[PDB]
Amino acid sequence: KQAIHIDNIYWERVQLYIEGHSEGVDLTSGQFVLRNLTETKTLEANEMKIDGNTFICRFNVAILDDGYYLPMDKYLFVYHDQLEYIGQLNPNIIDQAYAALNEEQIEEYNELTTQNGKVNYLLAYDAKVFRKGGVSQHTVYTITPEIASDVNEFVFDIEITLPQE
């Protein structure tokens, strides 16, 4: 097919880095963004490095509580040119996540029921949690990569809560 692929995900302090490549999309004219499923909040990348068909993008997700925010919101990684392209997760990441312990192995096989819950459990090992201080309200940011079963697409499940919760 022709789509945007997500190859690696990592963090430096609060900044979320997304590395990937294109399988047919021209990357020189389009804007990479994080967009929620409801199309009501969009987050632009602060850094965008293109190298041939490969790309790296940086997002500062910590600004999402500066305005009006939902405490349970899933965000797609999308390349917007003339058509929006939703990033697809590389199966190598889930296969490397499968390289777990024995306890974790039998824990993952207790999922059983749905394939979705299995892949989400494998992806949860790369979740990020941090707090925002120096302000009037200290908030906990929890960003969890997962496959959204409502659309069958990869999303960052972000929940912004108070420490009390």
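Residue numbers run from 1 along the displayed sequence.
- In this crystal structure, the stretch out of 91-99 and 75-83 whose C-alpha atoms carry the higher mean B factor is 91-99.
- Once the C-alpha B-factors are averaged per stretch, 129-137 and 52-60 rank with 129-137 first.
- Out of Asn36, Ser29, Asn120, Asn46, it is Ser29 whose C-alpha atom has the highest B-factor in the PDB entry.
- In the deposited coordinates, the residue among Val14, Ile143, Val25, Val151 with the greatest CA B-factor is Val151.
- Sort the chain's modelled residues by C-alpha temperature factor and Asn8 lands in the lowest third, per the entry.
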